[PDB]
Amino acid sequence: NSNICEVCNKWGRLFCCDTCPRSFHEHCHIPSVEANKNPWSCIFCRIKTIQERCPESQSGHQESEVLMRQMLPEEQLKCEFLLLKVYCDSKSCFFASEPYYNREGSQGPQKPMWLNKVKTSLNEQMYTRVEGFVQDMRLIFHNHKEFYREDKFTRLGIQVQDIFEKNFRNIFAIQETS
């Protein structure tokens, strides 16, 4: 197995996947690495299994159909994996914890949002459809773009949104378009 966390790329107290060489800090894996379970399979492996069981799940889908899906166990897992893929980028640090807003010429957003809040919301089964999860994720980046206006720091929101959107299209097998 790897000797660094797949998510944050640091060593430490690591839990090793039994079916692939990845390793994880306890609270870097989503969901948090389970207490017992021998063997244990990581989220990457669990997602691969879904695909392998239903090859047709990789045919193209419309975004509007995906968003309306209820959060049954497979869709719960897919959103946990998509959230984890965002944390995998180091620029997620900017969006992880609760933001505050005090900048001359700007007003903070009406509905602040951050990654750890989405993480808690998934853990607590607060989303009933994929749409709820995707709306809160996109809100993170939209709040950032609006607040930072023409400061070059706005780009960090474009960058992490692009990681989110690419991973959304991959995980949920969104139909490719030009």
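In this text, residue numbers run from 1 along the sequence as written.
K.L.:
Going by the mean C-alpha B-factor recorded in the entry, which is higher: 52-60 or 125-133?
P.N.:
Mean C-alpha B-factor is greater for 52-60.
K.L.:
Using only C-alpha atoms and the B-factors in the entry, which stretch averages higher, 113-121 or 39-47?
P.N.:
Per the PDB entry, the higher value belongs to 39-47.
K.L.:
Out of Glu104, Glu98, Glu80, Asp89, which shows the largest CA B-factor listed in the entry?
P.N.:
Across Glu104, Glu98, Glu80, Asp89, the entry lists the biggest C-alpha B-factor for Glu104.
K.L.:
Lowest, middle or highest third: which one holds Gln159 when the chain's residues are ordered by CA B-factor from the entry?
P.N.:
For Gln159, the deposited C-alpha B-factor lands in the middle third.
K.L.:
Check where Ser32 lands among this chain's C-alpha B-factors and tell me if it's the lowest, middle or highest third.
P.N.:
According to the entry, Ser32 has a C-alpha B-factor in the chain's highest third.
K.L.:
By the recorded C-alpha temperature factor, relative to the other modelled residues in its chain, which third is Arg149 in?
P.N.:
For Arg149, the deposited C-alpha B-factor lands in the highest third.
K.L.:
Relative to the other modelled residues of the same chain, rank the CA B-factor of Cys8 and answer lowest, middle or highest third.
P.N.:
For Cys8, whose C-alpha B-factor we compare with every modelled residue in the chain, the answer is the middle third.
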